[PDB]
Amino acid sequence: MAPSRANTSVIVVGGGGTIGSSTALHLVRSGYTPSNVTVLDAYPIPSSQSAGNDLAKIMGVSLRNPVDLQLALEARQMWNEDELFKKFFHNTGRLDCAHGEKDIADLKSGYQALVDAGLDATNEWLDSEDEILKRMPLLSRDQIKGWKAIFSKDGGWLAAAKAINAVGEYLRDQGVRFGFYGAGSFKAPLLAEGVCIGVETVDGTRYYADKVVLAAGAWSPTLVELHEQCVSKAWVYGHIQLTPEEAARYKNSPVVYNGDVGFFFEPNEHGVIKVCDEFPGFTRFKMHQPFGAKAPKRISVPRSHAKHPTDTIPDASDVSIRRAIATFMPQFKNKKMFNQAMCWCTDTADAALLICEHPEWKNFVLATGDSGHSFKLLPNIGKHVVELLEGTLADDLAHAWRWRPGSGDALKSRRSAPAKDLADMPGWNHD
C-alpha cells in the first residue's frame, strides 16, 4: 500500500540547480525522510552549470500577471524572513528605467499595474533625471537625459551561489542522498509498463523511487521530449573591477535596470560589478534525440560553460555589454571586462513555468520552463512542486503550469524577437 510522507521516496533530477534544490529543500522541510530524497545532478550542488550559480544575481523586475505576482510575493516574504535565505538578500532597492516615448509609456502602465495590484507602498514613479539621481547620484546626468524610472524599495540583489550552497549544506546535514557526474547525469527514466519507477544515469547507475522530478533547467527539453514547449536560450554577463575607493562609493547602490540597455548593481565583497545587457537570448540548434521522441530533431542544446570553460560570449554581446557600461558608468567606460560567460535558461511561449506530470509517464513530473526569470523563486518554488507531487496544487498554479504543447512559439516567447543562434554570432568559442 502506497506510502505516507515518511515512506515516500523522490528523485530530484537537476537538484543541484535552482528549482531542483528548492524542491529537495521543501521535501525535507515538509517531512519527507531525508534518506528517501535523492538529489541527482551532472555537477555537485551548487551545480557548475546552474543558471542560479554565480556570485551575485538581482531579484529583477516582476512579471505583471497574477500568478507571477503571487509567486514573487511568496519569494519576497522568504528572502526577508526565512532564516536560511535572509542573509543572502541585499535589499538595495531597484531602479527600473526607460527612455523613448513608447518605452516610457509601457513603463508607466507597468507602474499602474503594480499600484493596482496593491504594491503602491513600495513603488514610486520618478519622472525626471533629478528624481533618479536623487536615488542614485552616481548615474550620469548626460547619459540618462530624458529617462524616467520606477524605484522599488523591495528590490535588490542576491548572493545566489551562497544561497544554493546553504541549501545544499542543509540537504547534506539532513541526510539527503546525492549522485553527481556520471552517477548524476540523467539519461533515461526507468519505466515499468508506462509508469516511471526511477532513472538511469549516464554511467548506468540506477535509482528507484515513487516520484521523479525533472528540474533540469535549459537541459530539460534535451533530456525528454517536450514538443517545443521549452526552447533553451543563452544570456550573457561580464564583470569589471572597481578600486577599493570606487567600490566604497558604489556600496549600497540600487540595482539599475533599463530594458534597452541592461543592468548592473553594487559591487560584491571583492569590489566586482556584474553587468548584463538585455536581449532576446541566443539558441544553439543542433541534432539531438531527447528520450521519448521517435527520432532526432533540430533543437536548441545548451553550450555549457561548465563543459567548455574556455567559452566566452559573442563579440556582439561584448559590444552591447560595453555599451551598457558606457551608459551606466561612463567614467568606467575603459575598464577591462573579465569573466564574460553565458548562462542557459529555457523559455515557454507564455513565459510561465512548466510544472506538471508528463502525460506519457506516471510519476514523472516536470519542473522547468523557468523562462529567464525564476531565480528569485529559489526559496518558495519547491513548495508548489511538492504540492503537485501530493495532488494538492492550487487550481490557478496547475493551470498556468500545465502541459501545453502547440500553444505558442517559444523561440520568440514574450521577448521582442525570435532568438538568434550562436552559429551566426562569432567570438565565444575559443577551442
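Counting begins at 1, following the sequence as shown.
J.: Could you settle it for me: does 90-98 or 202-210 have the higher average Cα B factor in the PDB entry?
T.: Taking the mean B-factor of the alpha carbons in each, 202-210 is higher.
J.: Quick check on the record: does 222-230 or 287-295 carry the larger mean Cα temperature factor?
T.: Averaging CA B-factors over each stretch, the winner is 287-295.
J.: Of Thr327, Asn165, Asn252, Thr346, which one's C-alpha B factor is largest in the deposited record?
T.: Highest CA B-factor of the listed options: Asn252.
J.: According to the Cα B-factor stored in this entry, which of the following is highest: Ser374, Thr368, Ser47, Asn363?
T.: Going by the entry's C-alpha B-factors, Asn363 comes out highest.
J.: Please place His239 in the lowest, middle or highest third of its chain according to the CA B-factor in the PDB entry.
T.: It belongs to the lowest third of the chain when residues are ordered by C-alpha B-factor.
J.: Consider only the C-alpha atoms of the modelled residues in this chain, order them by B-factor as the entry records it, and name the third containing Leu133: lowest, middle or highest.
T.: Highest third, going by the recorded CA B-factors of the chain.
J.: Grab the CA temperature factor for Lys336 from the record and place it in the lowest, middle or highest third of its chain.
T.: According to the entry, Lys336 has a C-alpha B-factor in the chain's highest third.
J.: For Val385, return the chain-relative third of its C-alpha B-factor as stated in the PDB record: lowest, middle or highest.
T.: Lowest third of the chain for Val385's C-alpha B-factor.
J.: Relative to the other modelled residues of the same chain, rank the CA B-factor of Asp311 and answer lowest, middle or highest third.
T.: Its C-alpha B-factor belongs to the middle third of this chain's values.
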